[PDB]
Every structure is written in C-alpha cells, then in structure tokens.
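Trainee: Okay, so here is final.cif, and as you'll see once you scroll down, it has mmCIF, C-alpha atoms and all ligand atoms.
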data_input
#
loop_
_atom_site.label_atom_id
_atom_site.label_comp_id
_atom_site.auth_asym_id
_atom_site.auth_seq_id
_atom_site.Cartn_x
_atom_site.Cartn_y
_atom_site.Cartn_z
CA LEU A 901 265.36 66.30 166.62
CA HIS A 902 267.40 63.22 165.81
CA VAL A 903 266.07 60.23 163.88
CA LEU A 904 268.82 58.06 162.45
CA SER A 905 272.50 58.40 161.65
CA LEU A 906 274.40 56.13 159.28
CA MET A 907 278.13 56.26 158.65
CA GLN A 908 280.02 55.48 155.48
CA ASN A 909 283.64 55.37 154.44
CA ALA A 910 285.36 58.22 152.62
CA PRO A 911 288.83 58.95 151.23
CA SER A 912 291.20 59.13 154.22
CA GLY A 913 288.22 59.41 156.56
CA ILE A 914 284.66 58.62 157.60
CA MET A 915 281.47 60.51 156.80
CA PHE A 916 278.22 60.45 158.77
CA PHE A 917 274.68 60.80 157.46
CA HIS A 918 272.77 62.43 160.31
CA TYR A 919 269.06 62.38 159.52
CA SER A 920 267.16 64.90 161.60
CA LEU A 921 263.83 66.73 161.92
CA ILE A 922 264.07 70.48 161.68
CA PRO A 923 260.57 71.94 162.12
CA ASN A 924 259.42 74.70 159.88
CA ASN A 925 255.76 75.70 160.38
CA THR A 926 255.09 76.81 163.93
CA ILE A 927 251.54 77.24 165.18
CA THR A 928 250.98 79.22 168.36
CA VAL A 929 248.69 77.50 170.84
CA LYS A 930 247.95 77.61 174.56
CA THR A 931 249.59 75.12 176.91
CA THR A 932 248.92 74.27 180.54
CA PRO A 933 250.74 71.69 182.57
CA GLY A 934 247.32 70.28 183.47
CA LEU A 935 243.62 70.92 184.07
CA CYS A 936 241.58 71.16 187.27
CA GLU A 937 237.84 71.49 187.73
CA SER A 938 237.77 72.55 191.40
CA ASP A 939 239.71 75.27 193.17
CA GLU A 940 240.19 73.12 196.29
CA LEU A 941 243.53 71.59 197.19
CA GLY A 942 242.93 67.90 196.84
CA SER A 943 240.70 68.17 193.78
CA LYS A 944 240.64 65.65 190.96
CA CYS A 945 243.25 66.92 188.49
CA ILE A 946 244.79 65.52 185.34
CA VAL A 947 247.97 65.77 183.26
CA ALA A 948 248.82 64.43 179.81
CA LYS A 949 250.36 61.00 179.23
CA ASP A 950 253.46 61.30 177.00
CA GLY A 951 252.40 64.63 175.54
CA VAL A 952 251.36 68.18 176.25
CA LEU A 953 247.94 69.68 176.87
CA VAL A 954 247.03 72.13 174.18
CA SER A 955 244.34 74.51 172.94
CA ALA A 956 244.52 76.37 169.63
CA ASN A 957 242.95 79.49 171.15
CA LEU A 958 239.98 77.16 171.50
CA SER A 959 237.30 76.79 174.17
CA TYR A 960 238.53 73.41 175.44
CA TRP A 961 241.81 71.62 175.94
CA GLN A 962 243.31 68.86 173.83
CA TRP A 963 246.27 66.48 173.67
CA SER A 964 249.31 66.74 171.42
CA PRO A 965 252.78 65.16 171.41
CA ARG A 966 255.77 66.95 172.87
CA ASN A 967 257.33 68.15 169.63
CA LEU A 968 254.53 68.16 167.05
CA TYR A 969 250.96 69.40 166.86
CA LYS A 970 248.40 66.71 166.08
CA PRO A 971 245.64 67.71 168.50
CA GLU A 972 243.37 65.05 169.95
CA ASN A 973 240.38 65.13 172.26
CA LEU A 974 241.71 64.02 175.61
CA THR A 975 240.49 60.59 176.68
CA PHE A 976 241.28 58.09 179.39
CA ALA A 977 244.18 56.78 177.31
CA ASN A 978 246.35 59.90 177.03
CA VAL A 979 245.69 61.45 180.46
CA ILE A 980 247.25 60.81 183.88
CA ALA A 981 245.34 61.93 186.97
CA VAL A 982 247.64 63.24 189.69
CA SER A 983 247.38 66.25 192.00
CA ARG A 984 247.41 70.01 192.63
CA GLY A 985 251.21 70.21 192.50
CA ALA A 986 251.92 73.40 190.58
CA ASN A 987 249.18 75.85 189.73
CA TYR A 988 247.36 73.92 187.06
CA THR A 989 244.58 75.66 185.14
CA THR A 990 241.06 75.40 186.51
CA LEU A 991 238.69 75.14 183.57
CA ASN A 992 235.63 75.37 185.89
CA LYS A 993 233.75 72.40 184.46
CA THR A 994 233.59 68.72 185.29
CA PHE A 995 235.19 66.05 183.13
CA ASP A 996 233.88 64.40 179.98
CA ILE A 997 235.99 61.27 180.58
CA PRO A 998 235.16 58.40 183.04
CA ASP B 950 259.36 66.05 192.27
CA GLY B 951 261.39 66.03 195.46
CA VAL B 952 262.85 63.96 198.26
CA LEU B 953 261.39 62.93 201.59
CA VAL B 954 263.35 64.40 204.44
CA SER B 955 263.61 64.66 208.21
CA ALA B 956 266.10 66.89 210.03
CA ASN B 957 266.63 64.27 212.75
CA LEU B 958 262.99 65.07 213.46
CA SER B 959 260.07 62.92 214.60
CA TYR B 960 258.18 63.11 211.30
CA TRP B 961 258.97 63.25 207.61
CA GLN B 962 258.83 66.24 205.30
CA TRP B 963 259.23 67.25 201.66
CA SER B 964 262.18 69.04 200.08
CA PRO B 965 263.41 69.55 196.50
CA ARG B 966 266.08 67.34 195.00
CA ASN B 967 269.02 69.71 195.36
CA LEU B 968 268.06 72.18 198.09
CA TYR B 969 266.61 72.00 201.59
CA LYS B 970 263.38 73.95 202.05
CA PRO B 971 261.41 71.46 204.14
CA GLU B 972 257.63 71.35 203.87
CA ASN B 973 254.93 69.36 205.59
CA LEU B 974 253.92 66.72 203.10
CA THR B 975 250.45 67.23 201.65
CA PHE B 976 248.38 65.77 198.86
CA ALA B 977 250.11 68.07 196.38
CA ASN B 978 253.72 66.93 196.74
CA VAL B 979 253.16 63.20 197.36
CA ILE B 980 252.60 60.29 194.96
CA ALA B 981 251.04 57.10 196.33
CA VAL B 982 252.51 53.98 194.75
CA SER B 983 253.57 50.64 196.23
CA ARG B 984 255.90 48.51 198.36
CA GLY B 985 258.58 48.37 195.66
CA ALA B 986 261.84 48.75 197.55
CA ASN B 987 261.97 48.63 201.32
CA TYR B 988 260.39 51.94 202.16
CA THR B 989 260.37 53.09 205.78
CA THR B 990 257.41 52.12 207.93
CA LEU B 991 256.68 55.00 210.27
CA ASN B 992 254.03 52.94 212.14
CA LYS B 993 251.29 55.56 212.08
CA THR B 994 248.42 56.34 209.73
CA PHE B 995 248.43 59.34 207.42
CA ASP B 996 247.53 62.95 208.15
CA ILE B 997 246.61 63.61 204.50
CA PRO B 998 243.31 62.61 202.76
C1 LIG A 1001 246.32 82.42 169.09
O1 LIG A 1001 246.28 83.74 169.65
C2 LIG A 1001 247.47 84.50 169.43
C3 LIG A 1001 247.36 85.75 170.26
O2 LIG A 1001 248.50 86.58 170.08
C4 LIG A 1001 247.59 84.78 167.95
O3 LIG A 1001 248.76 85.55 167.72
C5 LIG A 1001 247.68 83.46 167.20
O4 LIG A 1001 247.67 83.71 165.80
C6 LIG A 1001 246.53 82.51 167.56
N1 LIG A 1001 246.79 81.19 167.00
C7 LIG A 1001 245.82 80.33 166.67
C8 LIG A 1001 246.27 79.01 166.12
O5 LIG A 1001 244.63 80.59 166.84
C1 LIG A 1002 236.48 66.57 169.77
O1 LIG A 1002 235.41 67.02 170.64
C2 LIG A 1002 234.59 68.06 170.08
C3 LIG A 1002 233.65 68.50 171.17
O2 LIG A 1002 234.32 68.62 172.41
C4 LIG A 1002 233.88 67.54 168.84
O3 LIG A 1002 233.06 68.56 168.30
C5 LIG A 1002 234.90 67.07 167.81
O4 LIG A 1002 234.24 66.47 166.71
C6 LIG A 1002 235.88 66.06 168.44
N1 LIG A 1002 236.83 65.48 167.47
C7 LIG A 1002 237.88 65.98 166.76
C8 LIG A 1002 238.26 67.44 166.91
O5 LIG A 1002 238.51 65.25 166.01
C1 LIG A 1003 236.75 80.00 187.61
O1 LIG A 1003 238.00 80.43 187.05
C2 LIG A 1003 238.39 81.73 187.51
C3 LIG A 1003 239.58 82.15 186.68
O2 LIG A 1003 239.91 81.15 185.72
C4 LIG A 1003 238.69 81.67 189.01
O3 LIG A 1003 238.00 82.73 189.66
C5 LIG A 1003 238.28 80.33 189.61
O4 LIG A 1003 239.20 79.32 189.22
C6 LIG A 1003 236.88 79.93 189.16
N1 LIG A 1003 235.88 80.76 189.80
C7 LIG A 1003 234.77 80.26 190.37
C8 LIG A 1003 233.85 81.27 190.99
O5 LIG A 1003 234.52 79.06 190.36
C1 LIG A 1004 271.52 64.78 212.52
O1 LIG A 1004 272.19 63.72 213.22
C2 LIG A 1004 273.56 63.54 212.85
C3 LIG A 1004 274.04 62.28 213.50
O2 LIG A 1004 275.41 62.05 213.19
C4 LIG A 1004 274.33 64.77 213.29
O3 LIG A 1004 275.70 64.60 212.94
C5 LIG A 1004 273.76 66.00 212.60
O4 LIG A 1004 274.39 67.17 213.10
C6 LIG A 1004 272.24 66.12 212.79
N1 LIG A 1004 271.72 67.16 211.92
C7 LIG A 1004 270.61 67.86 212.20
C8 LIG A 1004 270.22 68.89 211.19
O5 LIG A 1004 269.95 67.66 213.20
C1 LIG A 1005 254.17 71.20 210.01
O1 LIG A 1005 253.48 70.27 210.88
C2 LIG A 1005 253.83 70.39 212.27
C3 LIG A 1005 253.13 69.26 212.99
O2 LIG A 1005 253.23 68.05 212.25
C4 LIG A 1005 253.43 71.76 212.79
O3 LIG A 1005 253.76 71.87 214.16
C5 LIG A 1005 254.14 72.84 211.98
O4 LIG A 1005 253.67 74.12 212.37
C6 LIG A 1005 253.89 72.65 210.48
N1 LIG A 1005 254.46 73.73 209.65
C7 LIG A 1005 255.73 74.11 209.33
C8 LIG A 1005 256.91 73.36 209.91
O5 LIG A 1005 255.91 75.08 208.59
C1 LIG A 1006 257.29 49.40 213.72
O1 LIG A 1006 258.59 49.67 213.19
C2 LIG A 1006 259.56 48.70 213.58
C3 LIG A 1006 260.91 49.22 213.14
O2 LIG A 1006 260.79 50.49 212.51
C4 LIG A 1006 259.21 47.35 212.95
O3 LIG A 1006 259.25 46.34 213.96
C5 LIG A 1006 257.84 47.38 212.29
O4 LIG A 1006 257.90 48.11 211.08
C6 LIG A 1006 256.79 48.02 213.20
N1 LIG A 1006 256.47 47.13 214.31
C7 LIG A 1006 255.22 46.88 214.70
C8 LIG A 1006 255.07 45.93 215.85
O5 LIG A 1006 254.25 47.39 214.15
#
Just give me the structure of the file as structure tokens.
Ligand SMILES: *[C@@H]1O[C@H](CO)[C@@H](O)[C@H](O)[C@H]1NC(C)=O
Ligand SMILES: *[C@@H]1O[C@H](CO)[C@@H](O)[C@H](O)[C@H]1NC(C)=O
Ligand SMILES: *[C@@H]1O[C@H](CO)[C@@H](O)[C@H](O)[C@H]1NC(C)=O
Ligand SMILES: *[C@@H]1O[C@H](CO)[C@@H](O)[C@H](O)[C@H]1NC(C)=O
Ligand SMILES: *[C@@H]1O[C@H](CO)[C@@H](O)[C@H](O)[C@H]1NC(C)=O
Ligand SMILES: *[C@@H]1O[C@H](CO)[C@@H](O)[C@H](O)[C@H]1NC(C)=O
Mentor:
Amino acid sequence: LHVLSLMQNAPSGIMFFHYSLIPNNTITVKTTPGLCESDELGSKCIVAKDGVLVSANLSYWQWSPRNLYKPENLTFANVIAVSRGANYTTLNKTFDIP
Amino acid sequence: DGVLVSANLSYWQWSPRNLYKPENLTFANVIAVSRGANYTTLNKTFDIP
C-alpha cells in the first residue's frame, strides 16, 4: 500500500524514497458483501459505504475499512442500501438503524 | 454491474459488461438513479416493483 514517494539526487543518478504500508498483524474475521433480513427477492438489503462488512467471529456484523481492521457498529453513515444482487447474507433480524 | 441490452428486441434486458448472457431485468440487477445523460425513454411503465 503506497503512501508517498519523494525523489532525491544521487551521484550519476536519481534515488526514490517510496514510503509504503506493509501490514504485519493479520486478524481473521468474517466478511460478507452485505446483509439481508428477509429471504425474499426485493427485500431491504444493505452494503458498506467505502469499507467492508466484518465480524470477528462475533454475533453481529460491523464496518471496517478496506485494508485495515478498525471495527465500527454500522450506522446510517457507513452503509449503502441497495438490492439482492449477489447472495448476500441473511442475518434473520430487522435493522437497528433508521 | 452490467449493461442494458436488447438483441434488436422489443424490450430491454441485462447482460454483463464483457459477455452476452441476456436476462430479464429485475430488482436485483438494476439501480434507479436519475435523468443524468439522455437515457432512452421506452414509453411504458415498469414491470418491476
Ligand atoms: C475466528 O475463527 C477462526 C476459525 O478457524 C479462528 O481460526 C480464528 O482465530 C478466529 N478469529 C477471531 C478474531 O476470533
Ligand atoms: C456496538 O454495539 C454493541 C451492541 O450491538 C454495543 O454493546 C457496543 O458497546 C457498541 N460499541 C462499540 C463496539 O464500540
Ligand atoms: C435464517 O437463516 C437460515 C440460514 O442462515 C436460512 O434458513 C434462512 O435465511 C433463514 N430461515 C428462516 C426460517 O427464516
Ligand atoms: C441487429 O440489427 C442489425 C442492424 O444492422 C443487424 O446487422 C444485426 O444482424 C442484428 N442483430 C441481431 C442479434 O438481431
Ligand atoms: C423474459 O420476459 C419475457 C417477457 O417480457 C418472457 O416472455 C420470457 O420468457 C422471459 N424469460 C427469458 C427470456 O428467459
Ligand atoms: C415516446 O418516444 C418518442 C421517441 O422515442 C418521443 O417522442 C417521446 O420520448 C415519447 N413520446 C410521447 C408522445 O410520449
């Protein structure tokens, strides 16, 4: 993951300072594309806004960015409501978000 | 996640971006948005809730 890259001069050349983000501590979680409450085609279903839906082997689903795990309770802000496009995961309970 | 398509046919269908497997458009494969560019008026109401 690329952050910033400066360049400096050098003898007979040029040398780049590529700053990056190698990750080191993985944590294994569960990840859906999105959550449904109803089995019916045409149900109210949701997907994450600029992130991935995540559960750390936990009873309910959460929000986390695409490349790093800072889990958050999913709200209206970080959730896009769309469709039954792929097979999203039915969690068999109604929403906690207006 | 696809393109709207008609094989010189009376009504429009859904197909992926790079391959032609036409499907009747449903609620699943259709996003409702706006009158942004000049989309095509088909002069009939929808068949999808
Ligand atoms: C989640 O469950 C998997 C099952 O294989 C386990 O290996 C892993 O340690 C668990 N991770 C967390 C964060 O609970
Ligand atoms: C997230 O929601 C759970 C209940 O669903 C609550 O117990 C917890 O305090 C909330 N906040 C976190 C994990 O920061
Ligand atoms: C609850 O979830 C199970 C599997 O996750 C599946 O049978 C269906 O989505 C739901 N079942 C019922 C009876 O609502
Ligand atoms: C569609 O119409 C065009 C008109 O030029 C024709 O050339 C083409 O063969 C037709 N294709 C199909 C699949 O009907
Ligand atoms: C798609 O809809 C048409 C009518 O609009 C129907 O005749 C046809 O059987 C449907 N299914 C297909 C093409 O698989
Ligand atoms: C029906 O479509 C035609 C051309 O596609 C255009 O005049 C307009 O979009 C519609 N006309 C009427 C009278 O609704």
Trainee: Fewer than 6 positions away in the same chain doesn't count, so skip those; otherwise give me all residues within 12 Å of residue 979 (chain B), counting only C-alpha atoms, as a PyMOL selection string.
Mentor: (chain A and resi 942+982-985) or (chain B and resi 950-953+961-964+972-973+995+997-998)
Trainee: Next, the residues of the selection above should be written as a PDB file, in the frame of the given file with C-alpha atoms.
Mentor:
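The result, stored in result-v1.pdb:
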ATOM      1  CA  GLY A 942     242.930  67.900 196.840  1.00  0.00           C
ATOM      2  CA  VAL A 982     247.640  63.240 189.690  1.00  0.00           C
ATOM      3  CA  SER A 983     247.380  66.250 192.000  1.00  0.00           C
ATOM      4  CA  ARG A 984     247.410  70.010 192.630  1.00  0.00           C
ATOM      5  CA  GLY A 985     251.210  70.210 192.500  1.00  0.00           C
TER       6      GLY A 985
ATOM      7  CA  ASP B 950     259.360  66.050 192.270  1.00  0.00           C
ATOM      8  CA  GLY B 951     261.390  66.030 195.460  1.00  0.00           C
ATOM      9  CA  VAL B 952     262.850  63.960 198.260  1.00  0.00           C
ATOM     10  CA  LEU B 953     261.390  62.930 201.590  1.00  0.00           C
ATOM     11  CA  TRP B 961     258.970  63.250 207.610  1.00  0.00           C
ATOM     12  CA  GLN B 962     258.830  66.240 205.300  1.00  0.00           C
ATOM     13  CA  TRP B 963     259.230  67.250 201.660  1.00  0.00           C
ATOM     14  CA  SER B 964     262.180  69.040 200.080  1.00  0.00           C
ATOM     15  CA  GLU B 972     257.630  71.350 203.870  1.00  0.00           C
ATOM     16  CA  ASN B 973     254.930  69.360 205.590  1.00  0.00           C
ATOM     17  CA  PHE B 995     248.430  59.340 207.420  1.00  0.00           C
ATOM     18  CA  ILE B 997     246.610  63.610 204.500  1.00  0.00           C
ATOM     19  CA  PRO B 998     243.310  62.610 202.760  1.00  0.00           C
TER      20      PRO B 998
END
Trainee: Residues within 8 Å of ligand LIG 1006 (chain A), counting all atoms listed in the file: report them as a PyMOL selection string.
Mentor: chain B and resi 989-992
Trainee: Using all atoms listed in the file, select each residue of chain B with any atom at most 8 Å away from an atom of chain A, and give the selection as a VMD selection string.
Mentor: chain B and resid 976 to 978 980 998
Trainee: May I have the selected residues written with C-alpha atoms, as a CSV table (one decimal), in the coordinates of the input?
Mentor:
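Contents of out37.csv, as written:
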chain,number,residue,atom,x,y,z
B,976,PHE,CA,248.4,65.8,198.9
B,977,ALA,CA,250.1,68.1,196.4
B,978,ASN,CA,253.7,66.9,196.7
B,980,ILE,CA,252.6,60.3,195.0
B,998,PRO,CA,243.3,62.6,202.8
Trainee: Per residue of chain A within 6 Å of ligand LIG 1001 (chain A), which atom pair is closest and at what distance in Å (one decimal), using all atoms listed in the file, listed by chain and increasing number, as a tab-separated table?
Mentor:
residue	atom	partner	partner_atom	distance
A:927	CA	A:LIG1001	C8	5.6
A:928	CA	A:LIG1001	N1	4.8
A:929	CA	A:LIG1001	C8	5.5
A:956	CA	A:LIG1001	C8	4.7
A:957	CA	A:LIG1001	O5	4.8
Trainee: Name the closest residue to ligand LIG 1005 (chain A) among the candidates B:987, B:965, B:981, B:958; distances are taken between atoms, counting only C-alpha atoms and all ligand atoms.
Mentor: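 Distance minimum relative to ligand LIG 1005 (chain A) lands on B:958.
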Trainee: Could you give me the residues within 12 Å of ligand LIG 1004 (chain A), counting only C-alpha atoms and all ligand atoms, as a PyMOL selection string?
Mentor: chain B and resi 954-959+969+971
Trainee: Could you pull out the residues sitting within 8 Å of ligand LIG 1002 (chain A), using all atoms listed in the file, and write them as a JSON list (two decimals) with C-alpha atoms, keeping the file's coordinate frame?
Mentor:
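Once everything was written out, this is pocket-v7.json:
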[["chain", "number", "residue", "atom", "x", "y", "z"],
["A", 960, "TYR", "CA", 238.53, 73.41, 175.44],
["A", 971, "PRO", "CA", 245.64, 67.71, 168.50],
["A", 972, "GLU", "CA", 243.37, 65.05, 169.95],
["A", 973, "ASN", "CA", 240.38, 65.13, 172.26]]
Trainee: May I have the residues within 6 Å of ligand LIG 1003 (chain A), computed using only C-alpha atoms and all ligand atoms, as a list in words?
Mentor: residues 939, 990 and 992 of chain A
Trainee: Between CA of residue 913 (chain A) and CA of residue 901 (chain A), what distance in Å does the model show, to one decimal?
Mentor: 25.9 Å
Trainee: So which one's closest to ligand LIG 1005 (chain A), B:988, B:982, B:968, B:975? Using all atoms listed in the file, please.
Mentor: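 Among the listed residues, the smallest separation from ligand LIG 1005 (chain A) belongs to B:975.
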Trainee: Tell me which protein, DNA and RNA residues are within 8 Å of region 964-970 of chain A, counting all atoms listed in the file, leaving out same-chain ones fewer than 5 positions away, and put them as a list in words.
Mentor: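 Those residues are residues 950, 951, 952, 953 and 954 of chain A.
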